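Down below is the structure, laid out as structure tokens.
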Amino acid sequence: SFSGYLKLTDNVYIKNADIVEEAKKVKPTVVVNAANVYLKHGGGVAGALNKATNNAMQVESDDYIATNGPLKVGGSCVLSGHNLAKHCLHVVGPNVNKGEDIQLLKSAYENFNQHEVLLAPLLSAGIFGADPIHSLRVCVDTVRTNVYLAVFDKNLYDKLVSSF
Ligand SMILES: CO[C@]1(C(=O)O)CCN(C(=O)c2ncnc3[nH]ccc23)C1
């Protein structure tokens, strides 16, 4: 089970951890990937998760896109979790650095409500350009299922907890 998490609300927990190492240790039912609409896992959390799967996540993702076309910003798909989890929920938050609408962040977090418990990063944070404090606020105000947030950056983790 999940261990070492601080409790923020009735259903949201948080830890300063590398989500790849956390997924390998816990092997959760669902790990969330911070995806783009093309499922091109080059960098950020997506690049790190994909590298941990030895590129099997990218091979599966390219077959999914060839069949179905791109996801919508705010949308998601369920694929295999490979060696990290039973399933991977690929969720597309808006990328502010690409000029996407931050209002779609709530729609992105609504995908989490389809799963009873998830290991997840903060959506639209990091290289997606949104304020992580805002992303945590939208997460707590949207997700009703049990979410275990992994924040890689120690200094950001301390700021998120102290300003919550
Ligand atoms: C909330 O801000 C971030 C964090 O500290 O968790 C900043 C970075 N973020 C990531 O998900 C991330 N970005 C690049 N490489 C990574 N390797 C593993 C995770 C990851 C989100």
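By convention here, the first residue in the shown sequence is residue 1. FYI, side chains are in, hydrogens and waters are out, and symmetry mates aren't considered; it's all heavy atoms of this structure. For ligands, and for the atoms within them, numbers begin at 1 and follow the listed sequence.
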Task: With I14, the side-chain contact (heavy atoms from CB on, under 4.5 Å) member among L149, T9, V147 - done: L149
- [ ] Supply the atom-to-atom distance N50 CG to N55 CG, rounded to the nearest 0.5 angstrom.
- [x] 4.5 Å
Task: Option among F2, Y5, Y148 that satisfies the ring pair (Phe, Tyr, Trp, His ring centres under 6.0 Å) test with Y13 - done: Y148
TODO: For ligand 1, list the protein residues that place a heavy atom within a distance below 4.0 Å of one of its atoms, sorted by chain and number.
DONE: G44, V45, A48, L122, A125, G126, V151, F152, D153, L156
- [ ] Taking atom types as modelled, find out whether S61 and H41 have a side-chain donor-acceptor pair closer than 3.5 angstrom.
- [x] yes
Task: Side-chain donor-acceptor contact under 3.5 Å, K86 with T29 - done: no
Task: Partners meeting ring pair (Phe, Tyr, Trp, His ring centres under 6.0 Å) with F128 (sequence neighbours left out) - done: none
